[PDB]
Each structure stands twice: as structure tokens, then as C-alpha cells.
Amino acid sequence: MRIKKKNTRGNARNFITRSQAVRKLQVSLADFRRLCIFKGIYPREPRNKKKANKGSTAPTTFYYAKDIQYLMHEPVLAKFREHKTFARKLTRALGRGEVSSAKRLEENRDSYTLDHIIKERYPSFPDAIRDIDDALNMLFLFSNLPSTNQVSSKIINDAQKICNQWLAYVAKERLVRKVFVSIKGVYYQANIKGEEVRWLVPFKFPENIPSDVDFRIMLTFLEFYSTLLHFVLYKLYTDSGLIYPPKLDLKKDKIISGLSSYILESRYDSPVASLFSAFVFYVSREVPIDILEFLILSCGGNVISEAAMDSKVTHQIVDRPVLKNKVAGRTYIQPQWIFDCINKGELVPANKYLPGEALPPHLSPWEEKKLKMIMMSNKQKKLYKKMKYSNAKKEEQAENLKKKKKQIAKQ
Amino acid sequence: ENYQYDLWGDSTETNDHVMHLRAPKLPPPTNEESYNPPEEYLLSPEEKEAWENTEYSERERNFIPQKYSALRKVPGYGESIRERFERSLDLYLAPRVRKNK
Amino acid sequence: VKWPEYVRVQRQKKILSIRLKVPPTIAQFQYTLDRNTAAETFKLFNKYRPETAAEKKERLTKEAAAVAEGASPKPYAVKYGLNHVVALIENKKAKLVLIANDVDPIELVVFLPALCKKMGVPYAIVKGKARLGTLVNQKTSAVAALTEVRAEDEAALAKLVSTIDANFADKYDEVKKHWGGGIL
Amino acid sequence: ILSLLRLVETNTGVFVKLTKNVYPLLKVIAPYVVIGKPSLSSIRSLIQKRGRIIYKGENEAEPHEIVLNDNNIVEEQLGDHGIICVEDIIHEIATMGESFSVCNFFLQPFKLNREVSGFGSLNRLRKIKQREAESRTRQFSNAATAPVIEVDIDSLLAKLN
Amino acid sequence: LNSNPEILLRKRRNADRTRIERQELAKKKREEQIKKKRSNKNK
């Protein structure tokens, strides 16, 4: 052989720069990143960064060559091109002054579907449920958003619809194990086909949208997770449960627009799913309902709200320092009791949960050696000193918790 | 009828066959920062401003731990869109490496 | 700076359009109808868009779907071919003939303003063959005419004639004289 | 009338009770406003999605209008009238009570987003479609015996949320 | 040495730099929009 050129072989055809990926695809950076979001493609780290370049030490991100080289032939890229053609051919109609032909161009418009993009991403159903962890976190955030000029109302209404479908199913087949109310929101854990998904729901207050965040990146994630959730929910309902999609009662959606609405027709294993059976809870006005009625209906209780007005009831959930009525028939609880009954599973006594007293701390469900240092190498001294510092920074923080507990317990 | 058909069916095939599929790592489970915490977690007044002095993204908590007597007294957490947006950016822009811990 | 061949050619043609002395049958163009009267001509002309190929197809399938299973007046539209416009002038059926100032061979439309002044047809040289194209489902039109009209638009058309006579033909009586393009 | 209802700004809502005194004033502003009796979900979703409170900032600044994030803010400003939380505000708004005149001037006005919300390719055509839908779904009577046009607010706020 | 195989996201660089940059850019486009409103009222 002739002397081969140096920096064109091993790591140079294994990886490519962002610029080289964009150029090779002949696609805009935005659309390159849109496809990258849909396909689940990410930058990868080579063992040599400069052999992955053509010699240069430079701030560079490396994609996998065969990954981009596999993205090139794909229906979604072709449909992006078709959207670009449609865009100019519409503004041709609009810019001239003809409205009827433009309106007709809307009628003769097909759009890209993210159907086949999931088959190649999550080939098995249990793999899709391993992703639904991050998928349900976007979607439940986007339900609790005011619609802006960035994000249309149709987007939020469809996202909220999927959210309500998810909440309805989990409360239907009784698949909750753990709850955790934090400052951030309310965490749930759910054995969905026996693999324990986790997801977060914010509190139902108006959310201050920063102008800092980019509502074009988040919209494509929503666009992928949305379709992914449609296919997941069809699979779940048509396997073990119900018809999809279920209908919604109009005068129920006028009252709550939550979870007691949206009725679903068809044609246990865990202690949590057997709890609250033959119990009827009267949720008061003061507590948030949609974060709580999900849990009651999931375990096996029943809900009658103060809100619905605007019997069999055995417990009332009230958050006031002064409670007015006080009947002999009901038992009076601050919601912390429910948030502990789900976590333990053993029905915690309501003696520490009376209205007017302070709640329990609410835990999450989640010499010679200095002389024998010497005979270690530098590649072992560096590592051992690092492990010593990592244990020290833990133990001193544990000492901080103990010292703070002692300083508070005195007061 | 949109998206109203099963696509998986009897699907046994895993995508983690080529060693190049770096699974996106489910975010760390939340450890002791609830609306009602044990108040030793509630931060000292000096570190409340020292935490605000540190630059973002090189910071242990994305939040100040806070104590609330009532569940009604829990505020709407303002920096929630920021957290999901930053996670979304972490998925497609942050380089994924196979490590041995 | 260094420009392409064609860019240099069209810039050279632009400065050549100015700096030469030009014959008065040309430069009778570019002495054209002003912004208000042009907008007001189109506020009438936009009410008579020739029925677009899609609209005609759907309506004539509506005729078939109705009439085969289980009276109309003649509809009025703008008239838009040069063979047809110079047919309509000399018929004499034209009440307002609109002429584009920018035509690919200039020699095409040079007789037309003076033939309109001959026949007594109230013409207006309006700016843009693209702008005429828009009102007529075509890319370009060179000419647009308005023969007959609905009676609601009749008085407005007659006033559009009188406004164009006063604004265009009276201000530009000097344009039959005077060789254009003596700009230093 | 639009100062009293504090509706100087476009794309802005407010709650009022309609009586025999309110109805004559409604005929004056009818070409400027679109009215209707909302449902329980329209009210409840509107307050939990949008809500302003004009009160003091850090120490000095007064004109901050922020957000209905909390319920302890509701306590500090209302409290003794019997109102403790945001859901209790929803109660006195949906059901006509004593504290309605108290909380109605507490959520001053709402900030509804405009329809379509753009000037461009898709947005101009969508604004054209909706603009011709306006004159069909709303008429200006102009006569002294103008019948007051009531529309579906459940459908309209499905568009504006 | 009994090591567990797992995946790791590296910290996305220039996160704070761009964060503050977008914070500034948003405010700048707001102010420019206000200046446009006033200058259009002079027409």
C-alpha cells in the first residue's frame, strides 16, 4: 500500500461534527435538531477527541457516523421538505390576494406522522414504558400552562386530554404504589405492566412563563411524547381494559373538567389497590381536588366534593385551623394521612392528623491506615484520597443533620 | 381514527442490541425536600444567599427547601417550566457516555 | 466589489433606461397613475376576479350533481388578453382599459394608449404587470379591461373614468410631446 | 362603563352579576364586548389558569400584579370575610354570595390570550377564516330595541385557554 | 474492580452563559417593540 493519510481513518469516519452532519443532510439546523429529537439521537463521546477531529483540539460535539448516515433515508425528512414547499405555495396564494385557493391548499394538505419513528425507537412495549417516565413529565407540565402566542390552545387541550386519559386508566385498573408531595409538585409511582413508572404533576396555580425558555424545542418534545402516549394508551386499553378513546359527559366537563368527568366503559394484586374499599370521602373546598381525588378513586374510595354543589360519607378532608360543623358521624383529617396511607399501605392511625395540629415530618418513599498510604502508587493515592473525601463530605453533612436536629429539639 | 391501532403486538425485540444505544437515564428519585420537611433540611439564613450567590447548573439543589404547616399554604412553584426545558435540552444536546462507576 | 454577469447586465440596463433620450410613445409609460387612484381602480377591479380554475370546476360539478337528478344572468368579469382587449377597444365595448408599464418586449403595447385616445376609450397606464396579474388568476396580464358592470359598481366605474380622465389624461397632455430620459 | 368594568385593554375578561340596573348599561357596550353565562368549569379553569393580584412587592414597589400562586396571599388580603383559599374565591364567584364584591375587585381583570395570535403564512389565513366567522356569530343591531347577543362561553374559552 | 456499568450525561457547557444571554435578549426585544409603538404614533 501507499502511505495512508493520518487523520481520515479510525475516529474520523466513526464520528462527525455537528456542522458536518447538518451539511451532509442538507437540512436546516432547527430541522436537524427536530429529527434528532424524534429519532432519539444524541452527541457521543470518543476516547480521543482530537483523533475524532482532524487533529484539532477544539470545542466540538461528535455524533455517531452510522446514526446520521442512517437518518438520511427517512420519510420524516421528506415530509419536512414538503412542508417547506407548502409554506411558499401558500404565501404565493395569500400574497397575491386569492383566498379560496389558499383555503383549498389547506384541504389538500397531509402532514408527517410519527408512527414508524417509534417502532424503530421502542420496538418492544416494555421499552416504551421505560421512556414514558420522561414523557409524562412534559405532558403534565403542558396541561398546567396558560396558552401564549408561542403555544396554541389546541396544543394544551390535546395534552390535557391525554393527561386525563392517563389519570383515568391508572385510577381504573388501580395501579398506584407510592406518592410524594414536594415543593415542586406531586410525584407518583405506578406499576404499568410491572415496571414502576414515575411522573410529576405541578400544583393547579397559574404558572409564570419566563421569556428565557425556548418554546420551539419543547413543542417538538411534546409532539413526539404526545404520539407516543396515544399509542401507549391504545395498547393499554385494548389489552387489559377498555375502548379507546372513551367519551366524555358534556355536563360533567362543565362542572369539574377533571377526573370525575370523562366516563369510560369496559366492553386486587397489591395492598394499596385494596385500601379505602367501602370508604366514602367528602373532600372539602380547601384542599386541591384533582391531585387528591385521583388517589381516592385509585385505591378504592369514593369522592363527593364541595365544588360540585356550586350520606354514606365516613371521612372529611379539611385544611382549616378552625373547623365549623363537627358532626359525630364523620372523621376529620388533614390530607397528610392519605399521603402516608399510600406509602406504608397499612392504614396509619388518624390521631396524628387532626385539623388544627402540626403534622408528622413526612418522609420520602426513597493512624495505621494513614501509615499504610505510603506503599500505594499515584494512580491509587489519587483515587483513595478521592474516595476518602467523598465519604467525608457525606458524613459531615450527616453530622450537620444531627447538630441541626439537636439545636431545633431544644426549642 | 388517528393513532388508533396497536403497533407493538407481540414485540420481544430489544433496541439495546448495538452497544451504541445509550438509554436516557431516568432522573434521580427525590430525596427529602417535601412541602412539610423535617426542619433540619430548612436552610440556614447565611446559606440562603450563598446558594443564590453560586452560579446555576453548578448547584446541588435547583430550589430552596421550605417548611409549610398547611397543604393549602403550598405556593405554585415558579421555576417548573425551566426544569423540564433544561431536561429536554439535556437529552439531545448533552453528550452521552458509557461510564463504569 | 465583484458582481455576477446577469446582475451587472440588469444594473447596466437600469442606468441605460434612464440616461438615453427616449421616443415619446415610450415614456408615455412611467408617467403613470398615482397611488390613491391605483388603489381605487383595484378596489373596483378586485370585485370582478375571473372565476379561478378550482371555483369553476366545483361550481360546474354542482350543476351536474343537482341538475341531472332534480335562468341565471350573464356574469361580469375583467377582460384580460391583448388580442381580446384590442378587440374590445374598436368594438367599442371598453369603458376602462388598464395597461401595464413594464412589458418584456416594450414594442407590444406601444400603440395601445394612443389607440385608446383615438377610439375615445378612457384608458389608464397602471404600474406593474404583476399587479395586473393578481386580479386575473395569471402571473402577468399586460392588459385588463372592464366592459360591462353590475349597477352597484356602475356609478363608481363612471367616476373612476372621470377621476382617471382628470388625474391621468389631463396631467399628461405634455407626455404626447417631450422625449423622456434627459436626466443628467 | 369600560372604566367601571376596567376593560380598557383588548382581550380582557371580567365577572359581573346581571340585574335590572346592569342590563341597560350592557346595551351600550354590546358592540365592544361579547357576553355570556359561563359554566362551573369555565370559571374554575379560568381562575386556576389566569389570575392577577395587585399588591406590594419586596419593600418599596407597589404596582406588582404577579400571579395567584399561593393561598396565604388570599388569607392576608381577604381572610376575615370567610375566604381562605383560591377555591373559596371560585365558590363566591360561581355562586352569588356576600364576598363576591370583595373578590371580584381582587382578581381585577383576567388576561385572555387573543385568537390565532400572529401575522404570517398560516396565521393570516386563520385570522381571515375567524374574521368572517365573527359577523356570522355576532351582529350589531344598532336599534334602540337591540336584543342582547349571548354566546357560548364554554366554547369561546375553550378557544381562549 | 467491581464496577457497575451505567450511562452518564456530561454537563451541557455554556448553559449559564446562554441562560443570561437569553434573559437579556428577551428584554431587549420587548423594549425595541415599545420604541416601535411610539414612533408609529408619530406618523
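Every number in this text was worked out from the coordinates using simple rules, so none of it is lab data. Cβ placement follows ideal geometry from the backbone for every residue including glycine, while neighbour counts extend to all protein chains displayed.
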- prompt: Taking region A:73-85, which residues are loosely packed, with under 13 Cβ neighbours inside 10 Å and in a loop (DSSP other than H, G, I, E, B)?
  reply: A:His73
- prompt: Which residue, of A:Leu114, A:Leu105, A:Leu90, is within 38 Å of the chain's Cα centre (by Cα), more than 29 Å from B:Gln4 (Cβ to Cβ) and among the hydrophobic types (A, V, I, L, M, F, W, C)?
  reply: A:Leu90
task: Taking A:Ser257 as the residue in question, decide whether it is in contact with a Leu (Cβ under 8 Å, 6 or more places away or on another chain), over 18 Å from A:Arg174 (Cα atoms), buried (at least 19 other Cβ atoms within 10 Å of the Cβ) and not aliphatic (A, V, I, L, M).
output: no
message: Can you tell me which residue is nearest to C:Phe45 (Cα to Cα) among those in region A:91-101 that are within 11 Å of chain C (Cβ to nearest Cβ) and in a helix (DSSP H, G or I)?
response: A:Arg96
field: Residue within region A:329-347 that is more than 22 Å from A:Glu293 (Cβ to Cβ) and either under 33 Å from the mean Cα position of the chain (by Cα) or of a type in the set (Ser, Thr, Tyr) (or both) present
entry: yes
- prompt: touching a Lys or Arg at 6+ places or on another chain (Cβ under 7 Å) and surrounded by fewer than 17 Cβ atoms within 10 Å (Cβ to Cβ), is that true of A:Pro126?
  reply: yes
message: For region B:48-101, give me each residue that is more than 23 Å from A:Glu207 (Cβ to Cβ), part of a loop (DSSP other than H, G, I, E, B), within 11 Å of chain A (Cβ to nearest Cβ) and of a type outside the set (S, T, N, Q).
response: B:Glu60, B:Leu93, B:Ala94, B:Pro95
message: If I go through region A:315-329 residue by residue, how many of them are part of a loop (DSSP other than H, G, I, E, B), more than 12 Å from chain D (Cβ to nearest Cβ) and surrounded by 16 or more Cβ atoms within 10 Å (Cβ to Cβ)?
response: 0
message: If a residue must be away from chain D (no Cβ under 14 Å), closer than 19 Å to A:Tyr262 by Cβ and of a type outside the set (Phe, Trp, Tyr), how many such residues does region A:118-166 contain?
response: 4
- prompt: Counting only residues that are assigned to a helix (DSSP H, G or I) and more than 9 Å from chain A (Cβ to nearest Cβ), how many does region E:21-43 have?
  reply: 14
query: Can you pull out the residues in region C:95-135 that are over 20 Å from C:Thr25 (Cα atoms) and over 12 Å from the mean Cα position of the chain (by Cα)?
result: C:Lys95
- request: Would you please name the residue that is surrounded by the most Cβ atoms within 10 Å (Cβ to Cβ), looking only at residues in region A:330-351 that are more than 12 Å from every other protein chain (Cβ to nearest Cβ) and outside any loop (DSSP other than H, G, I, E, B)?
  value: A:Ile342
query: Counting only residues that are of a type outside the set (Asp, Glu), part of a helix (DSSP H, G or I) and surrounded by 14 or more Cβ atoms within 10 Å (Cβ to Cβ), how many does region C:42-71 have?
result: 6
message: Just to confirm my filter: which helices (runs of 4 or more DSSP H) fall fully inside region D:22-90 and include at least 2 residues that are more than 14 Å from chain B (Cβ to nearest Cβ)?
response: D:22-29, D:40-49
- prompt: Out of region C:138-152, which residues are part of a loop (DSSP other than H, G, I, E, B) and in contact with a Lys or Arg (Cβ under 7 Å, 6 or more places away or on another chain)?
  reply: C:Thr140, C:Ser141, C:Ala142, C:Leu146, C:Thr147
message: Here is a check on your reading of the model: is D:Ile73 β-branched (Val, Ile, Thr), surrounded by 15 or more Cβ atoms within 10 Å (Cβ to Cβ) and under 16 Å from D:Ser101 (Cα atoms)?
response: no
task: Hey, could you check region A:24-33 for residues that are within 17 Å of A:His73 (Cβ to Cβ) and of a type outside the set (S, T, N, Q) and say which is surrounded by the fewest Cβ atoms within 10 Å (Cβ to Cβ)?
output: A:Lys24
field: Set A:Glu196, A:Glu173: member being surrounded by fewer than 21 Cβ atoms within 10 Å (Cβ to Cβ), more than 7 Å from chain B (Cβ to nearest Cβ) and within 23 Å of A:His362 (Cβ to Cβ)
entry: A:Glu196
message: Looking at A:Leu242, A:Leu219, A:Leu233, can you tell me which residue is assigned to a loop (DSSP other than H, G, I, E, B) and among the hydrophobic types (A, V, I, L, M, F, W, C)?
response: A:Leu242
- prompt: Before we move on, is A:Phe276 within 9 Å of chain B (Cβ to nearest Cβ), surrounded by 20 or more Cβ atoms within 10 Å (Cβ to Cβ) and among the aromatic types (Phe, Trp, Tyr)?
  reply: no
- prompt: Taking into account only those residues within region A:200-234 that are within 12 Å of the chain's Cα centre (by Cα) and facing chain B (nearest Cβ under 7 Å), which is farthest from A:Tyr188 (Cα to Cα)?
  reply: A:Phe221
task: Note down all Cβ pairs under 6 Å where the first residue falls in region D:111-128 and is on the phi > 0 side of the Ramachandran plot, the second is polar (S, T, N, Q), and they're at least six residues apart or on different chains.
output: D:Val116/D:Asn123; D:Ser117/A:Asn149
- prompt: A:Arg88: outside any helix (DSSP H, G or I), surrounded by fewer than 17 Cβ atoms within 10 Å (Cβ to Cβ) and within 11 Å of another protein chain (Cβ to nearest Cβ), yes or no?
  reply: no
task: For E:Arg12, work out the one condition from (1) more than 7 Å from every other protein chain (Cβ to nearest Cβ); (2) in contact with an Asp or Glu (Cβ under 7 Å, 6 or more places away or on another chain) it doesn't fulfil.
output: (1)
- request: Taking the residues in region C:1-41 that are more than 25 Å from C:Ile183 (Cα to Cα) and touching a strand residue (DSSP E or B) at 6+ places or on another chain (Cβ under 7 Å) as candidates, determine which candidate is surrounded by the most Cβ atoms within 10 Å (Cβ to Cβ).
  value: C:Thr41
Complete set of residues in region B:23-43 that are more than 18 Å from B:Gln66 (Cα to Cα), within 7 Å of chain A (Cβ to nearest Cβ) and either among the basic types (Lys, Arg) or surrounded by 14 or more Cβ atoms within 10 Å (Cβ to Cβ) (or both): B:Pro24
- prompt: Can you tell me which residues in region D:19-32 are within 27 Å of D:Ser45 (Cβ to Cβ) and surrounded by 13 or more Cβ atoms within 10 Å (Cβ to Cβ)?
  reply: D:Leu26, D:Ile29, D:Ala30
- prompt: When residues of region A:52-76 are filtered for being more than 19 Å from A:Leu29 (Cα to Cα) and in contact with a strand residue (DSSP E or B) (Cβ under 7 Å, 6 or more places away or on another chain), how many remain?
  reply: 1
